[PDB]
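Coming up is one lone chain in C-alpha cells, specifically the form deposited in one PDB entry.
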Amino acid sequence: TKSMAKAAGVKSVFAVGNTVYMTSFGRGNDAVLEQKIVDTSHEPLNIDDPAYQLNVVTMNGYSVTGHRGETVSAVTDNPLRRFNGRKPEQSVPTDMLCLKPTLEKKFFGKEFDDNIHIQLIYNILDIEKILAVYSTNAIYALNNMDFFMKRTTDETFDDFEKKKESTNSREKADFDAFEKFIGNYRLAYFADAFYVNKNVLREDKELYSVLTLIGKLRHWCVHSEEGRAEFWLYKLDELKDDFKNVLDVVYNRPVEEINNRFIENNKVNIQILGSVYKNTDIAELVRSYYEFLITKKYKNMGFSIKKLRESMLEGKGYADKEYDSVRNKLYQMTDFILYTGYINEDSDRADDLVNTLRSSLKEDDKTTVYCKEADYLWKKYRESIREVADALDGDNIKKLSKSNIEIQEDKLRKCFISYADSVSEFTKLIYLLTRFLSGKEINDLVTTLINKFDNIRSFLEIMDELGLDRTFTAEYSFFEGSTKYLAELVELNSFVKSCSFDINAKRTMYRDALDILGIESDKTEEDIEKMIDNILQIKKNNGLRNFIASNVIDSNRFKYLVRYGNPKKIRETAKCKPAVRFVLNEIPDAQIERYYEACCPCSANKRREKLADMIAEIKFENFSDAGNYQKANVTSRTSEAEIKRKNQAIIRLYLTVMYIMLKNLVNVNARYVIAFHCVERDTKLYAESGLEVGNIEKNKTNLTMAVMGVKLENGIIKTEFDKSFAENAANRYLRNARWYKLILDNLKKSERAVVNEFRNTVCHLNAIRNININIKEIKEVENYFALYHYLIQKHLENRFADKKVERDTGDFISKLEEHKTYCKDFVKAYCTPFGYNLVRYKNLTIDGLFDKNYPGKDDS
C-alpha cells in the first residue's frame, strides 16, 4: 500500500540538467546523495553504506532494491521524462501550476534548470499556507467577542495612541475598537499573550503590540503584499523595539517557568529515576531528563517511543484504575527509560528499528515491528517498570516532594532552552501565534513548520553538496538560516504545550461558563447576575464555584469553545439534534462508555441518543447543587461523589461534543482559507509569469478565468467549450478537457458577489462566528464538510436574501430549502476561484475527497 521506493530507501529522485540524482534517507530527514544517473549510466555515490543498489537503469525507470531494513525492490521514474513519452524528450519538469520558473526567479534570482529548488519553494509555500490558516484563526479568536485586518508593524503604540484625539473618524474608531477590545474580558482566555504576573493584563503597549504582530501576520499570510512589506515575515529582524520586546516577554515566561527551578519541580521524577539509574551520575541523569522531558528528544529519534511504551505496557496490569493519578509519571519515566536505553546501549537497536520501519510496506508491518521491539523492551524492563510503579505511591510521591536534593546544575544548565534573546524573532512570533490556538492546532502548526523547515534544510544541504546555486535573494535571506530556524522551532515545539498561564477564573469567566452550559429563557440579566453572586458568594461554600471552575472554565474543550465561539452561540448550537448526534456517533464506543458509565445511574444507539438528549437538555440549574458534592472525592464510593462524577461526565461530554463540532468546522474553514491564500498568492505569481489575470479583490474567479483563458463578456462567461482552450491553459491542471469543461460550467454558474462573500466569510470566519443562526434548520449532517458548507450557504442566503441573485444562485438557495442540506453544486460554484488548482478544487468541492481521515467516493 505504501511506496516501495521509499521503503527501498529512495529519499528523492532529483533532476539537474541532463543528470538525475537519487538521494537516500539519512538521520531522520537528512538526505544524502546516493546515485547520479546520466542517460542509462549510474555513478555510485555514497559507496560505503549505500541505502540501496540500483541493479538496472533504463531511460524510463530505475530499478532499486533496498539494503537497509527488509530487502525490498522498487522501480522509480526518471524525472527528465516526467512530462515526456507518448507525447523535448528529457527536460527538467515544471510544477503543476507552471509557476516553477517564476517561483525560482522570485525566491532566488534566476531560473534553474533543475528539480530541487522548486521542491524547496513548495515547502516555503506550505509554511505560508499553515501560517495563513493560523494567523486567520488567531485573528478570529481575537474578534470572536476592520481593526485587526489593518494592523501594521510600521506604527508602534506611541503612534497608535495619538489616535485618541484624532480629528478623523477612521483613526478615532480604530483606536476605540482597540480600547473596546482590550477592555473586553475575553483577553483573559489569551492569558499567555496578554496576562503577566505583577496576574494583571499587560500594559496597553504590549496589548497593542501582540495584536499588531498577529494582524500583520494575517495580512501578510492572506493578502499578497507589495513593496517592502511583502517580505515582512522574513525581515522580522527589522521589527520595532516594542514588537521585539513583546515577543521576548511572551516567549521567555514559559522558558523561565520551566528552567528556573527544573530540579525542584521535577524532583519526584528525578529522584525515582535516580533510584533506577543508581550508577548514573545525578547531574547526568538530570541533564538527560531535561533533554527528554523539556526538549523532547525522545520524539526526534526516528521512532515512536510512545508507541513502544503502549505496546510494552499493554496488558501487563498497569491499565488498572489505581495508577490513573500515577499514569502520567509512569508513562513519562517508562519513555525516559526507553530513551536512555536507546542512546546508551541500544543505539544499534534504534538504528535497526528505524531502518525496518522505513523499509516496512504496511502499517501492519510497522505494528509488528513495534510489538517485537516492545516485547524486547518489556523483557529488559520488567523490574525497572515495577520499580517505577512501586516508587510512585501517593505517600511515596509526597515524601519525594518533601526531600532535599542539591543536584549540580552545571551539567543541566548546558541544556537549558534558550531564552528570548537567543531565539529568532520569527520563532518568537510563531510562539505568540501559538498563544491563540488549541493544543491540536498547536501541534498541526508547529510540527508542520518544523517539518517544512527540515525539508528546506535538507534541500539546501543537497544543493550545497551538488554545488547548485543555493543563494536565496537578498529579500529571502531568511531561509539561508533554515537549519537554525529548524532548531529553534523544534525547541519551541518541545515546550509549547508544556506551560499554561491560566488565571483565577474571573466573574465574567463564570458568566461565560453558565452561558455555555444553559440557562432557562425566563431568567433576566439581573437574575443571571444574582446566580453569579450565589456562585461567587457575592460561613461560606465555594463548592459550586469550584465545580464550575474546574469542570467548565478549566476544561480545554470549553477553553477552545470560548476561544472560537460566543458561549451563548455555542449553547444555541448545542440544540441542533442532528448536528450534535453526528458527533455522538463519531465518538467511538470506547469513548462513549467513559461518559455513560457515570451518566447511567442498553444498545449503543440508545446510549448515544440519550447522551445527545442530555446535551440538548443541559443547563446550569441541573448542576446548581454542586456546592454539596464538589467537596467529595471522585474516586470514592459515596453517593455525593457518584453524582459529582455523573455531572462531570455530562459537562465533559457536552463541552467535548461542542469542541469537536467547532474544531472540525474551524479546520474545514482552515482548508478554505488555505485555498483563498493560494488564490491570492498564485494571482501575483501568475501576474509575474505574464498571465493576464487582473484585479482579484473585485472578483476572486479572475485567476481561474485567466488560467482557462476565458473572460467575462457582459458579466457572464460567453466563451463556450472546445479542446483548444483546454490545451492552451496557463497551467498543467487545466490542460485536460473534462475538468476544464466542468470548471467552466461551474464558473458560469457562480457570481462575483457570492464568491466575494464566500471569501469574506471564510477568511473572517463569519460562518463560525454566527454558527447558531447558520445551523438553525438542518436535516442531517453526513459529514463535517457538509455541516460547514451548510453554514456557508446559509450565511450566503442570509446576506443575499434581500438582494438580486443570479438564476443559478437562486436555484442553489432554493435547493437549500427543498431538502435542508448544503448544495453540492453551490460548493463548486463558489469554490471556482481555486478551480485552477484542479486537485484543490476537487478536494474542496467533493465530499469524501475533502478529508484524508474519512475518504469517500468521487462524484465525477
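Basically, rigid core = biggest C-alpha set you can superpose within 1.5 Å across the two forms. When you see a residue number, it is the position in the sequence shown, counting from 1.
From this point on, the text means the form deposited in another entry, which you will not see here.
No residue in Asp77, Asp502, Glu688, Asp204 other than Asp502 shows a CA shift of 2 angstroms or more between the shown form and the other one after fitting the rigid core. Core-aligned CA deviation for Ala549 between the shown form and the other one: 2 Å or greater. A displacement of 2 angstroms or greater separates the C-alpha positions of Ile592 between the shown form and the other one, with the rigid core held in common.
In a rigid-core overlay of the protein, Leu125 has its C-alpha displaced by under 2 Å between the shown form and the other one. The Cα-Cα distance between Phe436 and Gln591 is lengthened by 3 Å or more in that other deposited form relative to the form shown here.
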